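Novice: Please read through the structure below; I'll follow up with questions.
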Protein chains: 2
Amino acid sequence: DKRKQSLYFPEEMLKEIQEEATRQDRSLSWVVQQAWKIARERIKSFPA
Amino acid sequence: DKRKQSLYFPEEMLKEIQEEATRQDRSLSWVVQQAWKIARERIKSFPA
């Protein structure tokens with residue numbers, strides 16, 4: 001069940017994401033979702 | 001240099017991100033940025 005969310009990126013980073021989106025013929029949202037799925041565990045281990 | 005971007009997430013996923021943001025006393029944007037920085041390489045290796 002989908003939900004819209006405005007985020008802030010550095011220029012360089014947004015362009016990096018869009019490059020992967022067009023390379024893979026994907027939405028921005030889908031690439032960022034895959035980044036989360038990959039990183040979740042490593043991030044959930046960050047401290048305080 | 002910052003830039004605003006609307007993305008779409010599943011409910012569950014947005015809530016997972018916000019949980020890490022408040023746990024770490026961070027913005028949503030900052031957590032998602034860290035997810036990208038972690039996953040970039042693995043994603044840049046995806047195919048077609």
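By convention in this document, the chains of the structure tokens carry letters A, B, ... by their order, each chain's residues are numbered from 1, and ligands are numbered from 1 in the order they are shown.
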Matching every Cα in sequence order between the two identical chains, what are the coordinates of chain A once fitted onto chain B? Write them as a CSV table (one decimal) with C-alpha atoms, in the first residue's frame.

Specialist:
```csv
chain,number,residue,atom,x,y,z
A,1,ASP,CA,24.0,21.7,-2.3
A,2,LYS,CA,20.5,20.4,-1.4
A,3,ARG,CA,17.5,19.5,-3.7
A,4,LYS,CA,13.9,18.3,-2.8
A,5,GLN,CA,12.4,15.1,-4.4
A,6,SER,CA,9.0,13.4,-3.8
A,7,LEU,CA,9.3,9.5,-3.7
A,8,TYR,CA,6.7,6.7,-3.1
A,9,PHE,CA,7.2,4.1,-0.3
A,10,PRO,CA,5.0,1.2,1.1
A,11,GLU,CA,3.4,2.2,4.4
A,12,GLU,CA,5.5,-0.4,6.3
A,13,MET,CA,8.8,0.9,4.7
A,14,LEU,CA,8.1,4.6,5.4
A,15,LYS,CA,7.4,3.7,9.1
A,16,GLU,CA,10.6,1.6,9.3
A,17,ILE,CA,12.6,4.6,7.9
A,18,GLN,CA,11.0,7.0,10.5
A,19,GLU,CA,11.7,4.6,13.4
A,20,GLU,CA,15.5,4.7,12.5
A,21,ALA,CA,15.3,8.5,12.0
A,22,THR,CA,13.8,9.1,15.6
A,23,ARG,CA,16.0,6.4,17.1
A,24,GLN,CA,19.2,8.2,15.7
A,25,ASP,CA,17.6,11.7,16.1
A,26,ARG,CA,17.9,12.2,12.3
A,27,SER,CA,15.8,13.5,9.4
A,28,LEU,CA,14.2,11.0,7.1
A,29,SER,CA,16.4,12.5,4.3
A,30,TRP,CA,19.6,11.7,6.3
A,31,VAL,CA,18.6,8.0,6.9
A,32,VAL,CA,17.7,7.5,3.2
A,33,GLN,CA,21.0,9.2,2.2
A,34,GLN,CA,22.9,6.7,4.5
A,35,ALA,CA,21.0,3.8,2.8
A,36,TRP,CA,22.1,5.1,-0.6
A,37,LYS,CA,25.7,5.5,0.5
A,38,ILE,CA,25.6,1.9,1.9
A,39,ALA,CA,23.9,0.3,-1.2
A,40,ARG,CA,25.2,2.4,-4.2
A,41,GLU,CA,27.9,-0.2,-5.2
A,42,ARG,CA,25.6,-3.3,-4.9
A,43,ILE,CA,22.9,-1.4,-6.9
A,44,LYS,CA,25.4,-0.1,-9.6
A,45,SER,CA,26.1,-3.9,-10.1
A,46,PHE,CA,22.4,-4.7,-10.9
A,47,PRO,CA,22.0,-5.7,-14.6
A,48,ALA,CA,19.1,-4.7,-17.1
```

Novice: Which residues in chain B does DSSP call strand (DSSP E or B)? List them as a PyMOL selection string.

Specialist: chain B and resi 2-10
